[PDB]
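All Cβ positions, even for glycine, are placed from backbone atoms using ideal geometry, and neighbour counts span all protein chains on display. Where a number appears in this text, it was derived from the coordinates with a stated rule and is not lab data.
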Amino acid sequence: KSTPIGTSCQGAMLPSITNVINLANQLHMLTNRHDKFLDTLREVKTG
Amino acid sequence: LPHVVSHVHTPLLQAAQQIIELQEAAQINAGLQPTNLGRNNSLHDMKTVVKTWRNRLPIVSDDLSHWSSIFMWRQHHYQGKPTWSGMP
Amino acid sequence: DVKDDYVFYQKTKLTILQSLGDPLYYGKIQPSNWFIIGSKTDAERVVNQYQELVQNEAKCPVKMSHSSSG
Amino acid sequence: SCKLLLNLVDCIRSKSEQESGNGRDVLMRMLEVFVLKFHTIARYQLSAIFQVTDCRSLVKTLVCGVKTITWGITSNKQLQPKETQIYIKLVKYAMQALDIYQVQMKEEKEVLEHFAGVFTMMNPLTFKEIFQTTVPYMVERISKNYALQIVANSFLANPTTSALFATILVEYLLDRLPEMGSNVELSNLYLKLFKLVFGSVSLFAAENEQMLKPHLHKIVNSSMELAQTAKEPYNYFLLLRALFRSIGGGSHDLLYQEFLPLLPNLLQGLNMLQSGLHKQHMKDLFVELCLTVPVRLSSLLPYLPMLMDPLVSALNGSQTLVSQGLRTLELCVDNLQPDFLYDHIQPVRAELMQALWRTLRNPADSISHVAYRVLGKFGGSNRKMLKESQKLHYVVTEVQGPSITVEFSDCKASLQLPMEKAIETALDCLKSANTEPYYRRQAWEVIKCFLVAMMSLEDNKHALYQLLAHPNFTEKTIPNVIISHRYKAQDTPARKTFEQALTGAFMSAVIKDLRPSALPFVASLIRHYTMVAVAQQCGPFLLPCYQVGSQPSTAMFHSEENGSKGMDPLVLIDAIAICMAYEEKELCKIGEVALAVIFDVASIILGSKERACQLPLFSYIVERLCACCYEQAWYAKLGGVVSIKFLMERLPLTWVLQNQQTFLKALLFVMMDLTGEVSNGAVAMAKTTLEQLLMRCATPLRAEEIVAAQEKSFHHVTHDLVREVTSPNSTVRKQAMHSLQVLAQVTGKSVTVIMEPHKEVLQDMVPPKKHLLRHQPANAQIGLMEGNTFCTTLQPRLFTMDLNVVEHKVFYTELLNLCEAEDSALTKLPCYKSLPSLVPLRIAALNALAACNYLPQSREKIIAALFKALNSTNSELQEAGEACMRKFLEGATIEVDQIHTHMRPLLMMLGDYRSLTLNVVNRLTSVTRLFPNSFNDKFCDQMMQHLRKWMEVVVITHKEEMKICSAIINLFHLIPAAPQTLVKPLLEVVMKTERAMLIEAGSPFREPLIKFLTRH
């Protein structure tokens, strides 16, 4: 009950934003809001 | 029984006809009572029962054992009518 | 052309009509609607069923009268 | 004071019977004071508001006095009209007085009982006169005061009132019957009055069966044809059930013989309504209306097969419908010689036998026992070989669904458990009706944790900033890539499950007690879905399927053999389409918010709104949203219309011009598939959206590209709009004609200029080419006739028609040969067989005769045909004949000799008694409306003798007819140059009739007379 949830089905995984790199003002505030949202969304466990 | 209908469900549906006929034939003895004999209650209902038994018929795919069971049971009440008219 | 009428407190009639041109029967119950009827054998089955139904839940009349025209 | 006057009335009565004096004026003098007392306490009570107790005591005391004074007067005799006006003022003021009881039972019902019984012992002739005049005021008072139902149901304790007041009540309701379905509380209250009046006829079988015998077709028929195009037709179907329980099971005699000629067209209608996918409880209502008909087993054999489809539906889950379905089936099994029944049950034998087999497992002793008895009644027909075998469950593919890796503390082993069924169960729980919110939160947690854990978490604050700040985002042009679902091969077993999870998240974000904890979460995910999508299909980091020259091929989607490298961000649009296509319209608000959020994110990180419109994602959005308008359901079409409206009003105009043709086609298919029963008000919204689209796109302006795009879209749109000019469907044809008028109104151009470059479409369509008017169905015949009428109605004439040049003789003579055969006996044709009316077919040809009036070489035939229609017997046919006569009135001239020779029969039957019927009077007043010079003073003098004869007959036959004498006087209003010396004699006989009948309150001989009187 203290480990992050992982899935072994990488074929159904939704790719990240950076995944396109390996396959080769308001903007700054929007980035901060998403970074904060991802920070609090990382702490999801299987408990 | 299994959800789908197959040969295993035949005996229950095959014996359902004779189960209600036992209740239907239970009124034969009530209508033959001498207290209420000869009235229209024991005359119109008797004809309806006879006509109802004459109409319905099972399918020929059934075994001859069930055909006999229905017919001799019907014959038992059919032969009971001359028993009280024989002693206008 | 075969026109057969049937007379049965209430008074409802059954009519059988056949138009010239095709052997297809038609029916109408009068207490421009038309009924679809097949061959001759289907005609009496409807008539016998209709006669049986009307004979039961009246109980005041007892009779049977019919005629033909054509 | 009223208490003392309560017992003082008998003293006046006792002294009045001793000697013949004057006591009638005294008794009516206080009555007017009491009437004025009602006004004083009712007018000032609104501004005034112990008080309440005193007010109700005064009302109760005065009402008892009113009942007492009426008791001594009546205890009949005919009442003078003057005091009937006082009673009109009394009843009008009494309703306003009955308002103190609202702010504060047992005594409330008692006092209303005394008030309702005042008019029971009154003269029935004057009783119906006052209530008919003041029937709309009483209905309006009920709309504001809900306590009048106590008075309403007290009208049937045991009076003779319900036998007469109900006739006026039903006539008023039938007059405003089409009003039902628009409002909410007005329709329900009208339905409540229908239930109460149907309760009275059902409870009292005497002198109520005769009242319901006439005007019964309108209740049965007009309810059906008005529920097709309405907003809430649920009230119409609630009214038909009440009638069924009253026309049968109780009052049965002359009502059974009247409902028989309606079963053909009614039973064949309910069969079509129950085959739809409208709602869940609506279908249960349809199968209840189709079954339990107030008709015995006889006179039902020809229509027996039409009661089998509802029987199957009633035996498919509903608790009450299965019990009723078994009862209906048992009644047929009882006395039907089941060999006859087996013949008519064969088409639905497989479905019915399976339904009966499955109804033996429910935990109920009142259903399984009945079903087992019914099955035992069949001889051997319950086990015969079924031609269709039972359906089986199979798995199409062999793959692995989503799983969660859970590790243990023993032997270092991980476990992967599937949760494909868990998401489906969570969706069912969120879609359930009676579930506690605790399990809803748990179901929402399952969706939330699965959705978060499925996606990856990377690029924290470093890679996201570099990608968004990279160049070639606002400079490089976006390549034109079209994304379509037409190339989709097959839905993978995982895509459907992931789609269901998204729909649950959207549905959980709108339900209350979970909305505040889900809106930021859902909105943030949608932002994440868009940013990952735009990072994949952009310029600098385009995938090989997103090249300048690319294809919409299967590699775009996530599939087995040709995938998109795993879970492309394209399922969000699919979830939006499904939620907008839900049976509940509460998901449209969140649907448009999500669309606004998607565009808001794209417009920020791209620089401009017009550049975001070129991004390939919006190409898939419109195709997905316009595909919801092709489903057979009506709620799905509404979701597409809302999506069309939102994308039209928000996203700029330059985008709309490119996709205007696609939007027009989607908005046009909705009005075509919905013909029999349309919707709960969907085509009205579709017409408004189409009208708004035309005004926005055709609005004149200013760059060269916008003008070129506007005219390019104009050419493509107008080409499609001339295609349905001769369409067989009347709904699209009328919309297309109205489409052209509004299009020319917005722009600074005429109508014919628009249709100049597209004449080649209509050259060989609006005229008959290689076809005849007898080999085609009447649906196409009407459309072609209306097309010619619209083609030759503008003052600029297109497709000029001249007889003896080319092919204009066969078409002309065909429509002349249509206005001769009247009865259906002479028109016994295979094509003209299913035409119950045949009236609208003659109307379209009749309008064509009046449309062409520029050919003077042949006018005798058209004039004779026009006068033949005016001399017809039908009312609707004659009214339209007057309409085209008025349309033809703008011709060159109408000679008097033509009129004299065409109205010869009317003068021939003028000198007869049994010839001046309603139809003839309607014909006579119609022909005198136009050409206001056809008669003289001698004809007026003769008509004065006729009305004297008419008014002498009524006064004898009284102790239908009221309308004809009201119409004959109304004819004098239309005719000009009537003699001035006839005014006195006509008003003298009117008073004589008003003195013999003793009626003064709004006589039918008053409304046309006052208009007739004011000329001189």
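Residues of the range D:265-315 that are within 12 Å of chain C (Cβ to nearest Cβ) and either of a type in the set (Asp, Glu) or farther than 24 Å from D:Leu254 by Cβ (or both): D:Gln268, D:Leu304, D:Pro305.
Output the helices (runs of 4 or more DSSP H) that fall wholly within the range B:5-88 and possess 3 or more residues being closer than 29 Å to D:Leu360 by Cβ, or say none. Reasoning before the result, please.
Numbers: elements: B:10-31, B:44-55, B:64-78, B:81-85.
Of the helices (runs of 4 or more DSSP H) lying wholly inside the range B:5-88, those with at least 3 residues that are closer than 29 Å to D:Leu360 by Cβ span B:10-31, B:44-55, B:64-78.
Suppose we filter D:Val406, D:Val446, D:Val481 for residues that are within 23 Å of D:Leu570 (Cα to Cα), within 14 Å of chain A (Cβ to nearest Cβ) and of a type in the set (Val, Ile, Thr); which single one remains? The conditions single out D:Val446.
Within the range A:1-23, the set of residues being more than 7 Å from every other protein chain (Cβ to nearest Cβ) and of a type in the set (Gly, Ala, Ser) comprises A:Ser2 only.
For every residue, the table says whether it meets (1) away from chain A (no Cβ under 14 Å); (2) over 29 Å from A:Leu38 (Cβ atoms).
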site	(1), (2)
D:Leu417	no, no
D:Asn434	yes, yes
D:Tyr438	yes, yes
D:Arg441	yes, no
D:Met454	no, no
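Exactly one condition in (1) surrounded by 14 or more Cβ atoms within 10 Å (Cβ to Cβ); (2) in a helix (DSSP H, G or I) is false for D:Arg886; which is it? So D:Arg886 meets the others, but not (1).
Given the condition assigned to a loop (DSSP other than H, G, I, E, B) and closer than 23 Å to D:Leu315 by Cβ, answer yes or no: does some residue in the range D:249-266 qualify? Within the range D:249-266, none of the residues are assigned to a loop (DSSP other than H, G, I, E, B) and closer than 23 Å to D:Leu315 by Cβ.
One residue stands out in the range D:332-390 among those that are within 11 Å of chain B (Cβ to nearest Cβ) and acidic (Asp, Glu): the one that is surrounded by the fewest Cβ atoms within 10 Å (Cβ to Cβ), namely D:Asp334.
Would you be able to say whether some residue in the range C:36-49 is part of a strand (DSSP E or B) and in contact with a helix residue (DSSP H, G or I) (Cβ under 8 Å, 6 or more places away or on another chain)? The answer is yes, given that some residue of the range C:36-49 is part of a strand (DSSP E or B) and in contact with a helix residue (DSSP H, G or I) (Cβ under 8 Å, 6 or more places away or on another chain).
The single condition among (1) more than 20 Å from D:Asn382 (Cα to Cα); (2) exposed (fewer than 14 other Cβ atoms within 10 Å of the Cβ) that B:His77 does not satisfy is (2).
For the residues D:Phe663, D:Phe669, the requirement of being of a type in the set (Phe, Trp, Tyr) and within 30 Å of D:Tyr234 (Cα to Cα) singles out D:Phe669.
Suppose we filter B:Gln33, B:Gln14, B:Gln18 for residues that are out of contact with any strand residue (DSSP E or B) (no Cβ under 9 Å at 6 or more places or on another chain) and farther than 21 Å from D:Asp339 by Cα; which single one remains? Outline the logic, then answer.
Numbers: B:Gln14 fails: farther than 21 Å from D:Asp339 by Cα; B:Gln18 fails: farther than 21 Å from D:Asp339 by Cα.
Step by step, each of B:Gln33, B:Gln14, B:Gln18 is checked, and only B:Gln33 is out of contact with any strand residue (DSSP E or B) (no Cβ under 9 Å at 6 or more places or on another chain) and farther than 21 Å from D:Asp339 by Cα.
Can you pull out every residue in the range D:322-341 that is of a type outside the set (A, V, I, L, M) and under 38 Å from the mean Cα position of the chain (by Cα)?
Initially, the range D:322-341 is screened for residues of a type outside the set (A, V, I, L, M), giving D:323-325, D:327-328, D:330, D:332, D:334-335, D:337-340.
Selection gives D:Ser323, D:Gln324, D:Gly325, D:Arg327, D:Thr328, D:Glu330, D:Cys332.
Across the range D:459-509, the number of residues qualifying as touching a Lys or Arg at 6+ places or on another chain (Cβ under 7 Å), among the hydrophobic types (A, V, I, L, M, F, W, C) and closer than 30 Å to D:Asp428 by Cβ comes to 1.
What is the residue count in the range D:121-131 for residues that are crowded, with 18+ Cβ neighbours inside 10 Å and either under 25 Å from D:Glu179 (Cα atoms) or out of contact with any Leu (no Cβ under 9 Å at 6 or more places or on another chain) (or both)? Let's see the steps before the verdict.
Filtering the range D:121-131 down to residues crowded, with 18+ Cβ neighbours inside 10 Å leaves D:126-127, D:129-131.
Subset that is either under 25 Å from D:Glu179 (Cα atoms) or out of contact with any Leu (no Cβ under 9 Å at 6 or more places or on another chain) (or both): D:129-131.
Qualifying residue count, the range D:121-131: 3.
A single entry from D:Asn804, D:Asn779, D:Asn788, D:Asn817 fulfils the requirement of being among the polar types (S, T, N, Q) and surrounded by 14 or more Cβ atoms within 10 Å (Cβ to Cβ): D:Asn788.
Take the residues in the range D:443-466 that are assigned to a loop (DSSP other than H, G, I, E, B) and of a type in the set (A, V, I, L, M, F, W, C), then tell me which one is surrounded by the fewest Cβ atoms within 10 Å (Cβ to Cβ). Outline the logic, then answer.
Taking the range D:443-466 first, the residues assigned to a loop (DSSP other than H, G, I, E, B) are D:455-462.
From what is left, the residues that are of a type in the set (A, V, I, L, M, F, W, C) are D:455, D:457.
Working: D:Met455: 19, D:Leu457: 14.
Applying the filter and picking the extreme gives D:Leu457.
Only a single criterion out of (1) within 9 Å of chain D (Cβ to nearest Cβ); (2) under 25 Å from D:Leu331 (Cβ atoms) is not satisfied by C:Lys59, namely (1).
For first residues located in the range D:249-261 and more than 9 Å from chain C (Cβ to nearest Cβ), partners that are among the basic types (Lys, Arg) and exposed (fewer than 15 other Cβ atoms within 10 Å of the Cβ) and lie 6+ apart or on another chain with Cβ distances below 8 Å form the pairs D:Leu254/D:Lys213; D:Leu255/D:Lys213; D:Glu258/D:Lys213.
State whether the residues of the range B:10-31 include one that is β-branched (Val, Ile, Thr), out of contact with any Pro (no Cβ under 8 Å at 6 or more places or on another chain), exposed (fewer than 15 other Cβ atoms within 10 Å of the Cβ) and more than 12 Å from chain D (Cβ to nearest Cβ). Scanning the range B:10-31 turns up no residue that is β-branched (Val, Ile, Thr), out of contact with any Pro (no Cβ under 8 Å at 6 or more places or on another chain), exposed (fewer than 15 other Cβ atoms within 10 Å of the Cβ) and more than 12 Å from chain D (Cβ to nearest Cβ).
For (1) surrounded by 10 or more Cβ atoms within 10 Å (Cβ to Cβ); (2) touching a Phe, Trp or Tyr at 6+ places or on another chain (Cβ under 8 Å), each residue gets a yes or a no:
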residue	(1), (2)
C:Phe8	yes, no
C:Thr15	yes, yes
C:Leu20	no, no
C:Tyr26	yes, yes
C:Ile36	yes, yes
C:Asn48	yes, no
C:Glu52	yes, no
C:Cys60	no, yes
C:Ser69	no, no
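Within the range D:208-220, one or more residues are in a helix (DSSP H, G or I), over 25 Å from C:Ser32 (Cα atoms) and touching a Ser or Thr at 6+ places or on another chain (Cβ under 7 Å). Could you check, for the range D:529-541, whether at least one of its residues is more than 14 Å from every other protein chain (Cβ to nearest Cβ) and surrounded by fewer than 15 Cβ atoms within 10 Å (Cβ to Cβ)? No, the range D:529-541 has no match at all. Would you be able to say whether some residue in the range D:321-328 is within 30 Å of D:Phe378 (Cβ to Cβ), exposed (fewer than 15 other Cβ atoms within 10 Å of the Cβ), away from chain C (no Cβ under 14 Å) and not aliphatic (A, V, I, L, M)? Yes - at least one qualifying residue is present in the range D:321-328. If the condition is being in a loop (DSSP other than H, G, I, E, B) and either surrounded by 12 or more Cβ atoms within 10 Å (Cβ to Cβ) or more than 7 Å from every other protein chain (Cβ to nearest Cβ) (or both), then the range A:25-47 contributes A:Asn25, A:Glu43, A:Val44, A:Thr46, A:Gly47.
For beta carbons closer than 7 Å, sequence separation of 6+ or different chains, a first residue in the range D:548-569 that is under 20 Å from D:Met531 (Cα atoms) and a second that is outside any loop (DSSP other than H, G, I, E, B), the qualifying pairs are D:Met556/D:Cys545; D:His558/D:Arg495; D:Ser564/D:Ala555; D:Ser564/D:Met556; D:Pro569/D:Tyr529; D:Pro569/D:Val532; D:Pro569/D:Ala533. Only one of the numbered conditions (1) out of contact with any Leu (no Cβ under 6 Å at 6 or more places or on another chain); (2) of a type outside the set (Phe, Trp, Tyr); (3) more than 25 Å from D:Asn853 (Cβ to Cβ) is violated by D:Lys759, and that is (3). Among the residues examined, D:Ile894 qualifies as more than 36 Å from the chain's Cα centre (by Cα), aliphatic (A, V, I, L, M) and under 17 Å from D:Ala850 (Cα atoms).
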